[PDB]
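A.B. asks:
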Ligand SMILES: Nc1nc2c(ncn2[C@@H]2O[C@H](COP(=O)(O)OP(=O)(O)NP(=O)(O)O)[C@@H](O)[C@H]2O)c(=O)[nH]1
Ligand SMILES: [Mg+2]
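In the entry's author numbering, the protein residues as written are 60 to 85, 94 to 112, 117 to 242, 247 to 328.
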């Protein structure tokens with residue numbers, strides 16, 4: 060039972076922190100280093120082997136042309152691996168799946184229109200993998216700002232024809252419309268540090284004006300994202316990956 064999630068997005072958006080938050084919500096609090104290479108972190112949780124693929128952020132160069140190619144390369148490498156092991160010569164009953172089933176795309180909360188780089192990046196990934204749009208560091212927005220920006224992001228994904236998951240043509248539609256039009260993009264806060272609020276140990280960030288709680292729906296939507304990818308839509312993510320994306324890959328070969 061393998062499930063593989065990738066995080067991608069501009070450097071400094073809290074991708075690695077959210078990776079740790081995902082695992083920890085499911094005992095030291097050391098500083099998280101800037102990510103230099105693509106690394107697959109796997110832990111066993117019925118029993119599910121959850122692997123999260125951390126990636127070096129992009130967009131930190133003067134010229135960011137073709138910066139998506141390392142990510143595309145990794146994704147295609149897992150397809151090629153699965154393709155080659157499908158021919159189960161070893162006669163194994165179960166075949167290991169390292170294919171990216173889900174890609175969280177981190178969007179910086181600028182309050183303005185989506186950046187051409189992100190639009191191009193998402194356009195590329197959307198045709199090879201399931202992408203889920205996430206607004207990073209949601210604590211940097213007020214309530215009013217966040218509502219406006221979520222609406223703006225939805226509109227701009229729509230006008231640019233970015234087919235993020237759940238792709239409309241794969242539906247349930249009552250639940251999904253709620254997802255595409257209300258739940259997404261998930262505005263998240265990450266932290267693998269714990270604090271005490273009203274007696275409860277909670278994952279959060281401690282500011283001079285208050286404590287931001289990661290799993291508190293009054294503060295952010297990390298809980299909704301986690302539930303979505305780990306519980307309610309996990310099998311569906313795997314199904315679209317195998318039957319649509321991987322088959323698209325297989326045919327292109
Ligand atoms: N305000 C805020 N800061 C956050 C949040 N998550 C992480 N940070 C902080 O943002 C900084 C960068 O986090 P990091 O997880 O390393 O980002 P990254 O996207 O992995 N960077 P890279 O792609 O270079 O490896 C750290 O100081 C971290 O504590 C968040 O939700 N809100
Ligand atoms: Mg990182």
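For each residue, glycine too, the CB sits at the ideal point set by N, CA and C.
Taking 6 Å as the cut-off, is the C-beta of residue 210 nearer than that to any heavy atom in ligand 3?
C.D. replies: Among the ligands modelled here, namely ligand 1 and ligand 2, ligand 3 does not occur.
A.B. asks: Closer than 6 Å: is that where the CB of residue 277 sits relative to any heavy atom of ligand 1?
C.D. replies: Result no, Cβ not under 6 Å from ligand 1.
A.B. asks: By DSSP, does residue 319 sit in helix, in strand, or in coil?
C.D. replies: Reduced to three states, the DSSP call for residue 319 is helix.
A.B. asks: Classify residue 246: buried if its beta carbon has 16 or more other beta carbons within 10 angstroms, exposed otherwise.
C.D. replies: Since the numbering of the chain jumps from 242 to 247, residue 246 cannot be located in this structure.
A.B. asks: Kindly list the residues whose CB is nearer than 7 Å to the CB of residue 145, restricted to its own chain and excluding five residues on each side of it in sequence; keep chain order.
C.D. replies: Result list for residue 145: 105, in chain order.
A.B. asks: Return yes when the C-beta of residue 206 is under 6 Å from any heavy atom of ligand 1, and no when it is not.
C.D. replies: No - ligand 1 has no heavy atom lying nearer than 6 Å to the Cβ of residue 206.
A.B. asks: Smallest Cα separation from residue 179: which of 201, 169, 220?
C.D. replies: Cα-wise, what sits closest to residue 179 is 220.
A.B. asks: If contacts are defined as beta-carbon pairs under 8 Å, then residue 205 and residue 177 qualify, I think. What distance do you get, rounded to the angstrom?
C.D. replies: Indeed, because the Cβ distance is near 5 Å, the residues count as touching under 8 Å.
A.B. asks: Going by the beta-carbon positions, is the gap between residue 121 and residue 153 smaller than 7 Å?
C.D. replies: Not closer than 7 Å, so no.
A.B. asks: For residue 84, I'd like the list of residues in its chain whose CB is within less than 7 Å of its CB, leaving aside the five on either flank, ordered along the chain.
C.D. replies: Correct list, in chain order: 278, 290, 301.
A.B. asks: Does ligand 1 have a heavy atom nearer than 6 Å to the CB of residue 214?
C.D. replies: Every heavy atom of ligand 1 is 6 Å or more from the Cβ of residue 214, so no.
A.B. asks: Which residue marks the beginning of the beta strand (DSSP E) containing residue 288, and which one marks its end?
C.D. replies: 285 to 288 is the span of the beta strand (DSSP E), which, as asked, contains residue 288.
A.B. asks: Do residue 75 and residue 99 have their C-beta atoms within less than 7 Å of each other?
C.D. replies: Yes, they are a contact pair.
A.B. asks: State the Cα-Cα distance for the pair residue 218 and residue 313, rounded to the nearest angstrom.
C.D. replies: Answer to the nearest angstrom: the Cα atoms are 30 Å apart.
A.B. asks: Candidates 157, 112, 72: which alpha carbon is nearest residue 125's?
C.D. replies: Comparing Cα-Cα distances from residue 125 to each of 157, 112, 72, the minimum goes to 72.
A.B. asks: To the nearest whole angstrom, what separates the beta carbons of residue 280 and residue 210, a pair I think is in contact under 8 Å?
C.D. replies: Confirmed, Cβ separation roughly 7 Å.
A.B. asks: In its own chain, which residues sit with a C-beta less than 7 Å from the C-beta of residue 96, not counting the 5 before and 5 after it?
C.D. replies: Cβ neighbours of residue 96 beyond the five flanking positions: 267, 268.
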